[PDB]
Structure formats: C-alpha cells, structure tokens
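Visitor: Next comes the structure file coords-v7.txt, holding compact mmCIF, C-alpha atoms.
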# COMPACT_ATOMS: atom_id res chain seq x y z
CA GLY A 1 134.17 39.75 185.41
CA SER A 2 137.22 38.01 186.87
CA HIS A 3 139.20 40.12 189.34
CA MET A 4 137.92 43.19 187.47
CA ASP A 5 141.64 44.00 187.38
CA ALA A 6 141.85 42.85 183.77
CA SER A 7 140.85 46.24 182.36
CA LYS A 8 143.53 47.92 184.47
CA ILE A 9 144.78 49.52 181.26
CA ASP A 10 144.59 53.02 182.71
CA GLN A 11 144.72 55.86 180.14
CA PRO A 12 148.32 55.12 178.96
CA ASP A 13 150.64 57.80 177.59
CA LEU A 14 150.86 58.27 173.82
CA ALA A 15 154.52 57.35 174.13
CA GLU A 16 153.57 53.82 175.17
CA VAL A 17 150.95 53.59 172.45
CA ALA A 18 153.12 55.13 169.75
CA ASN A 19 156.02 52.87 170.67
CA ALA A 20 153.76 49.86 171.20
CA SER A 21 154.19 47.28 168.43
CA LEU A 22 151.30 45.41 166.77
CA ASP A 23 151.38 41.72 165.85
CA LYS A 24 149.31 41.60 162.66
CA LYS A 25 149.51 37.88 163.37
CA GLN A 26 146.78 38.42 165.96
CA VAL A 27 144.37 39.92 163.42
CA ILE A 28 141.17 37.89 162.88
CA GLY A 29 138.94 40.53 161.34
CA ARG A 30 138.37 44.28 160.95
CA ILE A 31 136.04 47.01 162.20
CA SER A 32 134.92 50.00 160.14
CA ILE A 33 132.77 52.84 161.45
CA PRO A 34 132.17 55.62 158.82
CA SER A 35 130.25 57.57 161.46
CA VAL A 36 133.57 58.54 163.07
CA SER A 37 135.82 57.73 160.12
CA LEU A 38 137.35 54.88 162.10
CA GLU A 39 139.00 51.85 160.50
CA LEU A 40 140.79 49.27 162.67
CA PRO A 41 141.83 45.56 162.84
CA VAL A 42 140.01 43.12 165.15
CA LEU A 43 142.43 41.45 167.57
CA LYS A 44 141.18 38.30 169.27
CA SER A 45 143.81 38.46 171.99
CA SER A 46 142.55 41.10 174.40
CA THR A 47 145.71 42.50 175.95
CA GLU A 48 146.76 45.86 177.26
CA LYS A 49 149.34 45.95 174.49
CA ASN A 50 147.06 44.83 171.68
CA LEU A 51 144.42 47.42 172.58
CA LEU A 52 146.99 50.15 171.91
CA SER A 53 146.77 49.67 168.11
CA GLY A 54 143.16 48.59 167.53
CA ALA A 55 139.85 47.30 168.87
CA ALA A 56 140.17 44.01 170.77
CA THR A 57 137.41 41.46 171.30
CA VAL A 58 136.24 41.03 174.89
CA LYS A 59 135.50 37.29 175.02
CA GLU A 60 137.43 34.28 173.69
CA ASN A 61 135.00 32.05 171.84
CA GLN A 62 133.21 34.97 170.18
CA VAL A 63 131.83 34.71 166.64
CA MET A 64 130.87 37.51 164.26
CA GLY A 65 127.24 37.27 163.20
CA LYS A 66 126.46 34.99 166.12
CA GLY A 67 125.54 36.15 169.61
CA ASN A 68 126.52 39.52 171.04
CA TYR A 69 129.89 40.50 169.54
CA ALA A 70 131.65 42.56 172.20
CA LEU A 71 134.40 44.98 171.14
CA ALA A 72 136.53 47.05 173.52
CA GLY A 73 138.55 50.16 172.69
CA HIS A 74 140.21 53.21 174.27
CA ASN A 75 138.19 56.09 175.73
CA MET A 76 141.03 58.60 175.69
CA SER A 77 138.28 61.06 174.74
CA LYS A 78 140.37 62.26 171.80
CA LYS A 79 138.90 62.38 168.33
CA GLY A 80 141.05 60.20 166.09
CA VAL A 81 141.98 57.67 168.81
CA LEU A 82 140.36 54.26 169.20
CA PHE A 83 136.73 54.31 170.39
CA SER A 84 137.39 57.98 171.13
CA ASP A 85 133.94 59.01 169.85
CA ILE A 86 131.62 56.01 170.13
CA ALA A 87 129.00 58.07 171.97
CA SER A 88 128.68 60.02 168.72
CA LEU A 89 127.09 57.07 167.00
CA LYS A 90 123.42 57.74 166.33
CA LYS A 91 120.63 55.16 166.08
CA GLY A 92 120.66 53.53 162.66
CA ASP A 93 124.38 54.13 162.19
CA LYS A 94 126.06 51.75 159.75
CA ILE A 95 128.81 49.63 161.31
CA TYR A 96 130.83 47.41 158.98
CA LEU A 97 132.57 44.47 160.67
CA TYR A 98 134.86 41.87 159.05
CA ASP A 99 135.21 38.21 159.94
CA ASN A 100 137.36 35.39 158.48
CA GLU A 101 136.39 36.28 154.91
CA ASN A 102 132.98 37.83 155.62
CA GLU A 103 131.71 41.40 155.91
CA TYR A 104 128.90 41.96 158.43
CA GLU A 105 126.58 44.96 158.26
CA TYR A 106 125.63 46.13 161.77
CA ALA A 107 123.26 49.00 162.64
CA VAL A 108 123.14 51.00 165.85
CA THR A 109 119.92 50.55 167.77
CA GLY A 110 120.65 52.73 170.76
CA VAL A 111 123.40 54.35 172.81
CA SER A 112 123.43 54.29 176.61
CA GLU A 113 125.61 54.62 179.71
CA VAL A 114 125.91 51.74 182.20
CA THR A 115 128.05 50.96 185.23
CA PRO A 116 131.13 48.70 184.63
CA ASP A 117 129.60 45.97 186.80
CA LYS A 118 126.67 45.57 184.39
CA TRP A 119 128.39 43.23 181.94
CA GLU A 120 124.97 42.03 180.80
CA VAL A 121 125.42 44.61 178.03
CA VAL A 122 128.50 42.78 176.76
CA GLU A 123 127.14 39.32 177.38
CA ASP A 124 125.35 37.19 174.79
CA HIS A 125 121.56 37.60 174.82
CA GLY A 126 120.53 35.07 172.16
CA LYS A 127 120.77 36.90 168.84
CA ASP A 128 123.09 38.49 166.31
CA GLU A 129 123.89 41.74 168.10
CA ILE A 130 126.97 43.97 168.51
CA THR A 131 128.27 45.82 171.59
CA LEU A 132 130.98 48.51 171.72
CA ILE A 133 132.59 49.46 175.04
CA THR A 134 135.91 50.56 176.55
CA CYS A 135 138.45 49.06 178.97
CA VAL A 136 138.67 52.22 181.08
CA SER A 137 136.93 55.60 181.04
CA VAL A 138 137.47 58.79 183.01
CA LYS A 139 137.67 57.04 186.38
CA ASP A 140 136.75 53.65 187.87
CA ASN A 141 134.01 55.26 189.96
CA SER A 142 132.84 57.24 186.95
CA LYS A 143 130.59 55.68 184.31
CA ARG A 144 131.23 54.77 180.66
CA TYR A 145 129.64 55.18 177.21
CA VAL A 146 128.31 52.07 175.46
CA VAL A 147 126.83 51.60 171.97
CA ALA A 148 124.52 48.69 171.08
CA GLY A 149 123.62 47.67 167.55
CA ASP A 150 121.73 44.92 165.71
CA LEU A 151 122.70 42.75 162.73
CA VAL A 152 121.13 44.04 159.51
CA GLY A 153 122.92 41.85 156.98
CA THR A 154 126.04 39.99 155.86
CA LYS A 155 128.07 39.38 152.71
CA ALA A 156 131.41 37.96 151.59
CA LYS A 157 134.63 39.94 151.74
CA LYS A 158 135.09 40.39 148.01
Show this structure as structure tokens.
Guide:
Amino acid sequence: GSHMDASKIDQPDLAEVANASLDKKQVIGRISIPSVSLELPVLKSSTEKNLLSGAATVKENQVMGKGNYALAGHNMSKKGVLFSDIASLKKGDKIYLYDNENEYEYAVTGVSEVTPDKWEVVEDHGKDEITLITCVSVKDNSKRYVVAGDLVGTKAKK
C-alpha cells in the first residue's frame, strides 16, 4: 500500500481534532452504525485532516453497493470517537450507509484482527461487501481490529 507512510496519522491530540475544520464540500455520503450510536459523513478525500471529523474512504474510485467498500476511522480507543468501538460490532449488526441519494443496508458477517500488511481485507473481492478499518492503532508493530459485513439491501434516501 504505497509507502505505507500514508496512514502516518498517529493518534493526534484532541486539540488538533477539535480545532481541525471540516469541508462539508468533501461529503459524498454518510455512515450510520446504531450498534455504537455512531453517525458520521463519508469523505471521499482520505486525508489526515479529513479523518479528524469523520470516516474517510480508503480508495478513490470506490462505489457504495459495488465491490468492497473500505472505510477508515480513528482507533483512539475512546467511546464516542470515530471508529472507537468497531470491535464491538457483533455478527448480524445493522450498518446503514448513504451514497449519492441512496441508503444501503449492510450487515456484519464477522469481526477479526489482521496485520496492516494484509490489505486483502480492504481490497475488492468481487461482491457487494463492506470493510471497516483504522489508519493507526495502538502501535505500528501492534495489530488492529477490522469488521467485515455483507450487503443485505438498498433503498433511496427519502
């Protein structure tokens, strides 16, 4: 994955996150996860700054409802923060994702921990699947928590 130095976000201080501004102009969808009571905007531009206010997509030419939709968030390990409790998601957990003007119903199929070099979990397999991960967790050497889910349905955003 490039120079692997892309995810060099490093658990930033709340001061940087609190002061960090968000360009709603970079919003292309939304992510809702009742399981943790998490509601956030989906930012296409994956930047260290953008990740401070919401969940950013990992790839560029990603499409909701098509292929493996990879979403990256913070692992600050603090309930209430972004992706701060993804490993709490149980199999069959309802994940509501929003696209252009569409609402996608995603269900968790299984949670697991994989090294950061195993991007196969974030890469497209050949179906409508969803993958939730984090830019950085604990330590580089340490591992990370990843949640995988499958597409259960789709509808229009009101």
Visitor: Within 8 Å of range 140-154 of chain A, counting only C-alpha atoms, which residues show up once you throw out same-chain ones fewer than 3 positions away? Write them as an MDAnalysis selection string, please.
Guide: chainID A and resid 65 86:87 89 102:116 128:134 136:137
Visitor: What does the distance from CA of residue 81 in chain A to CA of residue 18 in chain A come to in Å, to one decimal?
Guide: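 The value is 11.5 Å.
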Visitor: When you draw a straight line from CA of residue 22 in chain A to CA of residue 85 in chain A, how long is it in Å?
Guide: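 For CA of residue 22 in chain A relative to CA of residue 85 in chain A, the distance reads 22.3 Å.
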Visitor: As an exercise, work out the distance from CA of residue 79 in chain A to CA of residue 16 in chain A in Å and give it to one decimal place.
Guide: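 Rounded to one decimal, the two atoms are 18.3 Å apart.
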Visitor: Kindly provide the residues of range 46-101 of chain A that approach range 37-41 of chain A to within 10 Å, each paired with its closest atom pair and their distance in Å to one decimal, based on only C-alpha atoms, listed by chain and increasing number, as CSV.
Guide:
residue,atom,partner,partner_atom,distance
A:53,CA,A:40,CA,8.1
A:54,CA,A:40,CA,5.4
A:55,CA,A:40,CA,6.6
A:56,CA,A:41,CA,8.2
A:79,CA,A:38,CA,9.9
A:80,CA,A:38,CA,7.6
A:81,CA,A:38,CA,8.6
A:82,CA,A:38,CA,7.7
A:83,CA,A:38,CA,8.3
A:84,CA,A:38,CA,9.5
A:85,CA,A:38,CA,9.4
A:86,CA,A:38,CA,9.9
A:96,CA,A:39,CA,9.4
A:97,CA,A:41,CA,9.6
A:98,CA,A:41,CA,8.7
Visitor: Residues around (120.3, 35.9, 170.8), cut-off 9 Å, counting only C-alpha atoms - what are they as a PyMOL selection string?
Guide: chain A and resi 66-68+124-129
Visitor: What's the 9 Å shell around residue 12 in chain A, counting only C-alpha atoms, without same-chain residues fewer than 3 positions away, as an MDAnalysis selection string?
Guide: chainID A and resid 9 15:17 52 76
Visitor: Write the residues of the preceding selection, restricted to C-alpha atoms, as a PDB file, in the coordinates of the input.
Guide:
ATOM      1  CA  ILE A   9     144.780  49.520 181.260  1.00  0.00           C
ATOM      2  CA  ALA A  15     154.520  57.350 174.130  1.00  0.00           C
ATOM      3  CA  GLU A  16     153.570  53.820 175.170  1.00  0.00           C
ATOM      4  CA  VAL A  17     150.950  53.590 172.450  1.00  0.00           C
ATOM      5  CA  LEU A  52     146.990  50.150 171.910  1.00  0.00           C
ATOM      6  CA  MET A  76     141.030  58.600 175.690  1.00  0.00           C
TER       7      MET A  76
END
Visitor: Have a look at A:44, A:90, A:78, A:49 and name the one nearest to residue 63 in chain A; count all atoms listed in the file.
Guide: A:44
Visitor: Find, counting all atoms listed in the file, the residue in A:27, A:156, A:36, A:121 that gets nearest to residue 57 in chain A.
Guide: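 Checking each of A:27, A:156, A:36, A:121 against residue 57 in chain A, counting all atoms listed in the file, the winner is A:27.
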Visitor: Closest to residue 43 in chain A among A:92, A:29, A:1, A:73, using only C-alpha atoms?
Guide: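 The answer is A:29, which sits nearest to residue 43 in chain A.
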Visitor: A:64, A:138, A:4, A:14: which is nearest residue 100 in chain A, counting all atoms listed in the file?
Guide: A:64
Visitor: Write out N, CA and C atoms for range 118-133 of chain A, as a PDB file, in the frame of the given file.
Guide:
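Saved file selection-v8.pdb follows:
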ATOM      1  N   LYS A 118     127.769  46.084 185.199  1.00  0.00           N
ATOM      2  CA  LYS A 118     126.670  45.570 184.390  1.00  0.00           C
ATOM      3  C   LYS A 118     127.200  45.025 183.072  1.00  0.00           C
ATOM      4  N   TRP A 119     127.825  43.858 183.135  1.00  0.00           N
ATOM      5  CA  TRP A 119     128.390  43.230 181.940  1.00  0.00           C
ATOM      6  C   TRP A 119     127.312  42.614 181.063  1.00  0.00           C
ATOM      7  N   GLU A 120     126.083  42.591 181.559  1.00  0.00           N
ATOM      8  CA  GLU A 120     124.970  42.030 180.800  1.00  0.00           C
ATOM      9  C   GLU A 120     124.901  42.652 179.406  1.00  0.00           C
ATOM     10  N   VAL A 121     125.424  43.866 179.294  1.00  0.00           N
ATOM     11  CA  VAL A 121     125.420  44.610 178.030  1.00  0.00           C
ATOM     12  C   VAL A 121     126.465  44.083 177.053  1.00  0.00           C
ATOM     13  N   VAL A 122     127.410  43.319 177.567  1.00  0.00           N
ATOM     14  CA  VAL A 122     128.500  42.780 176.760  1.00  0.00           C
ATOM     15  C   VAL A 122     128.307  41.286 176.586  1.00  0.00           C
ATOM     16  N   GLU A 123     127.413  40.752 177.396  1.00  0.00           N
ATOM     17  CA  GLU A 123     127.140  39.320 177.380  1.00  0.00           C
ATOM     18  C   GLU A 123     126.129  38.952 176.297  1.00  0.00           C
ATOM     19  N   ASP A 124     126.240  37.717 175.836  1.00  0.00           N
ATOM     20  CA  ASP A 124     125.350  37.190 174.790  1.00  0.00           C
ATOM     21  C   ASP A 124     123.910  37.125 175.291  1.00  0.00           C
ATOM     22  N   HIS A 125     122.977  37.598 174.459  1.00  0.00           N
ATOM     23  CA  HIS A 125     121.560  37.600 174.820  1.00  0.00           C
ATOM     24  C   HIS A 125     120.819  36.437 174.153  1.00  0.00           C
ATOM     25  N   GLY A 126     121.168  36.157 172.901  1.00  0.00           N
ATOM     26  CA  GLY A 126     120.530  35.070 172.160  1.00  0.00           C
ATOM     27  C   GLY A 126     120.177  35.507 170.737  1.00  0.00           C
ATOM     28  N   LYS A 127     120.979  36.420 170.203  1.00  0.00           N
ATOM     29  CA  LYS A 127     120.770  36.900 168.840  1.00  0.00           C
ATOM     30  C   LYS A 127     122.048  37.451 168.242  1.00  0.00           C
ATOM     31  N   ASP A 128     121.949  37.897 166.993  1.00  0.00           N
ATOM     32  CA  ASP A 128     123.090  38.490 166.310  1.00  0.00           C
ATOM     33  C   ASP A 128     123.111  39.981 166.587  1.00  0.00           C
ATOM     34  N   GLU A 129     123.793  40.340 167.663  1.00  0.00           N
ATOM     35  CA  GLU A 129     123.890  41.740 168.100  1.00  0.00           C
ATOM     36  C   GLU A 129     125.364  42.145 168.237  1.00  0.00           C
ATOM     37  N   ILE A 130     125.608  43.451 168.345  1.00  0.00           N
ATOM     38  CA  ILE A 130     126.970  43.970 168.510  1.00  0.00           C
ATOM     39  C   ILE A 130     127.018  44.951 169.679  1.00  0.00           C
ATOM     40  N   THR A 131     128.117  44.923 170.441  1.00  0.00           N
ATOM     41  CA  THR A 131     128.270  45.820 171.590  1.00  0.00           C
ATOM     42  C   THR A 131     129.652  46.453 171.601  1.00  0.00           C
ATOM     43  N   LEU A 132     129.700  47.782 171.681  1.00  0.00           N
ATOM     44  CA  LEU A 132     130.980  48.510 171.720  1.00  0.00           C
ATOM     45  C   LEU A 132     131.150  49.179 173.077  1.00  0.00           C
ATOM     46  N   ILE A 133     132.289  48.908 173.713  1.00  0.00           N
ATOM     47  CA  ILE A 133     132.590  49.460 175.040  1.00  0.00           C
ATOM     48  C   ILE A 133     134.056  49.863 175.127  1.00  0.00           C
TER      49      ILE A 133
END
